[PDB]
Amino acid sequence: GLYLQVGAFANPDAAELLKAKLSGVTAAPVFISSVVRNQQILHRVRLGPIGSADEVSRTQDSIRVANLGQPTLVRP
């Protein structure tokens with residue numbers, strides 16, 4: 001499956017907020033993957049697995065319509 005990342009935040013409330021908003025625009029699973037980067041925690045907001053490239057493109061479109069960020073492909 002294919003995955004998108006929509007934002008990455010130092011503040012977990014901001015990541016959780018984006019996750020909640022994304023649930024209103026896609027049916028794909030939305031999740032936070034938190035990692036240590038540059039001596040801090042980075043909370044990455046991701047969605048997937050998406051079953052096709054065409055669904056990825058339409059999901060990117062929906063995220064932009066909702067003004068929720070710049071969705072980019074990622075490989076966990």
# chains A, B, ... in the order shown; residues from 1 in each chain; ligands from 1
>>> select_by_dssp(residues="chain A", states="helix (DSSP H, G or I)", output="JSON, numbers by chain")
{"A": [12, 13, 14, 15, 16, 17, 18, 19, 20, 21, 22, 23, 53, 54, 55, 56, 57, 58, 59, 60, 61, 62, 63, 64, 65]}
>>> write_last_selection(atoms="C-alpha atoms", output="PDB file, in the first residue's frame")
ATOM      1  CA  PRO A  12       1.427  16.682  19.635  1.00  0.00           C
ATOM      2  CA  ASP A  13      -1.855  18.606  19.924  1.00  0.00           C
ATOM      3  CA  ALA A  14      -1.233  20.091  16.478  1.00  0.00           C
ATOM      4  CA  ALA A  15      -0.559  16.631  15.043  1.00  0.00           C
ATOM      5  CA  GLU A  16      -3.665  15.196  16.712  1.00  0.00           C
ATOM      6  CA  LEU A  17      -5.723  18.125  15.420  1.00  0.00           C
ATOM      7  CA  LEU A  18      -4.595  17.562  11.836  1.00  0.00           C
ATOM      8  CA  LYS A  19      -5.278  13.832  12.224  1.00  0.00           C
ATOM      9  CA  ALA A  20      -8.837  14.554  13.384  1.00  0.00           C
ATOM     10  CA  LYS A  21      -9.472  16.998  10.526  1.00  0.00           C
ATOM     11  CA  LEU A  22      -8.108  14.566   7.932  1.00  0.00           C
ATOM     12  CA  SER A  23     -10.571  11.921   9.101  1.00  0.00           C
ATOM     13  CA  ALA A  53      -1.980   5.497  -7.330  1.00  0.00           C
ATOM     14  CA  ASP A  54      -5.179   7.071  -8.652  1.00  0.00           C
ATOM     15  CA  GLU A  55      -6.694   7.063  -5.172  1.00  0.00           C
ATOM     16  CA  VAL A  56      -3.502   8.725  -3.885  1.00  0.00           C
ATOM     17  CA  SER A  57      -3.914  11.525  -6.433  1.00  0.00           C
ATOM     18  CA  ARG A  58      -7.574  12.090  -5.584  1.00  0.00           C
ATOM     19  CA  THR A  59      -6.759  12.027  -1.868  1.00  0.00           C
ATOM     20  CA  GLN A  60      -4.072  14.667  -2.404  1.00  0.00           C
ATOM     21  CA  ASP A  61      -6.693  16.766  -4.214  1.00  0.00           C
ATOM     22  CA  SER A  62      -9.184  16.404  -1.345  1.00  0.00           C
ATOM     23  CA  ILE A  63      -6.565  17.443   1.211  1.00  0.00           C
ATOM     24  CA  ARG A  64      -5.717  20.553  -0.817  1.00  0.00           C
ATOM     25  CA  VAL A  65      -9.417  21.448  -1.234  1.00  0.00           C
TER      26      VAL A  65
END
>>> residues_around(residues="residue 4 in chain A", least_positions_apart="4", cutoff="9 Å", atoms="only C-alpha atoms", output="list in words")
residues 45, 46, 47, 48, 49, 50, 56, 59, 60, 71, 72, 73, 74 and 75 of chain A
>>> write_last_selection(atoms="N, CA and C atoms", output="JSON list (two decimals), in the first residue's frame")
[["chain", "number", "residue", "atom", "x", "y", "z"],
["A", 45, "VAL", "N", 2.10, 13.25, 10.60],
["A", 45, "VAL", "CA", 0.72, 12.87, 10.36],
["A", 45, "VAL", "C", 0.63, 12.24, 8.99],
["A", 46, "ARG", "N", 0.22, 10.98, 8.94],
["A", 46, "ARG", "CA", 0.26, 10.17, 7.74],
["A", 46, "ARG", "C", -1.08, 9.49, 7.51],
["A", 47, "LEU", "N", -1.27, 9.01, 6.28],
["A", 47, "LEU", "CA", -2.46, 8.22, 6.01],
["A", 47, "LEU", "C", -2.14, 7.12, 5.01],
["A", 48, "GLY", "N", -2.89, 6.03, 5.13],
["A", 48, "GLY", "CA", -2.68, 4.87, 4.31],
["A", 48, "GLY", "C", -2.84, 3.62, 5.15],
["A", 49, "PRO", "N", -2.72, 2.44, 4.52],
["A", 49, "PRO", "CA", -2.28, 2.25, 3.13],
["A", 49, "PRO", "C", -3.38, 2.50, 2.11],
["A", 50, "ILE", "N", -3.04, 3.23, 1.06],
["A", 50, "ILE", "CA", -3.97, 3.52, -0.02],
["A", 50, "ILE", "C", -3.74, 2.50, -1.14],
["A", 56, "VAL", "N", -4.44, 7.77, -4.48],
["A", 56, "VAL", "CA", -3.50, 8.73, -3.88],
["A", 56, "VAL", "C", -3.71, 10.12, -4.47],
["A", 59, "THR", "N", -6.87, 11.69, -3.28],
["A", 59, "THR", "CA", -6.76, 12.03, -1.87],
["A", 59, "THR", "C", -5.94, 13.29, -1.68],
["A", 60, "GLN", "N", -4.84, 13.42, -2.42],
["A", 60, "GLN", "CA", -4.07, 14.67, -2.40],
["A", 60, "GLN", "C", -4.96, 15.85, -2.76],
["A", 71, "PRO", "N", 0.22, 17.40, 0.79],
["A", 71, "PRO", "CA", 0.36, 15.95, 1.00],
["A", 71, "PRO", "C", 1.41, 15.37, 0.05],
["A", 72, "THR", "N", 2.38, 14.66, 0.62],
["A", 72, "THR", "CA", 3.48, 14.07, -0.14],
["A", 72, "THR", "C", 3.55, 12.57, 0.10],
["A", 73, "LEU", "N", 3.97, 11.82, -0.92],
["A", 73, "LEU", "CA", 4.15, 10.38, -0.77],
["A", 73, "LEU", "C", 5.33, 10.09, 0.14],
["A", 74, "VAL", "N", 5.16, 9.08, 1.01],
["A", 74, "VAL", "CA", 6.22, 8.61, 1.90],
["A", 74, "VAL", "C", 6.19, 7.08, 1.95],
["A", 75, "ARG", "N", 7.34, 6.49, 2.28],
["A", 75, "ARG", "CA", 7.43, 5.04, 2.45],
["A", 75, "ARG", "C", 7.88, 4.74, 3.87]]
>>> atom_distance(atom1="CA of residue 52 in chain A", atom2="CA of residue 31 in chain A")
18.8 Å
